[PDB]
């Protein structure tokens, strides 16, 4: 019952499930990274994205994803859900988005 949008606890890369493959894909970095990071954190139930960065597959790895998804930046601002403005793409720059969402719902005691 995993949620289709996940964020890594090792390096905050965003992963979005691709149901035709049963795999998670990375989100190709774009000029709308801030809004995509914000929207992804909201989607998952976090309040906001505190920050986001760009990772490079060549230095960070794939970490078990299969491909990329790219965001239709023109439709981006008409959405509530990430999955409806995303498409598979090549992401030639091999650079993807990482998002640090505000942590929540966990106790911090020993």
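Residue numbers count along the first chain shown, from 1.
The stretch 65-73 shows the higher mean C-alpha B-factor when 32-40 is compared against 65-73 in the entry. When 47-55 is weighed against 76-84, 76-84 comes out higher, by mean CA B-factor as recorded in the entry. Ranked by Cα temperature factor within the chain, residue 12 sits in the lowest third according to the deposited record. Residue-level temperature factors show residue 26 in the lowest third of its chain, judged at the C-alpha atom.
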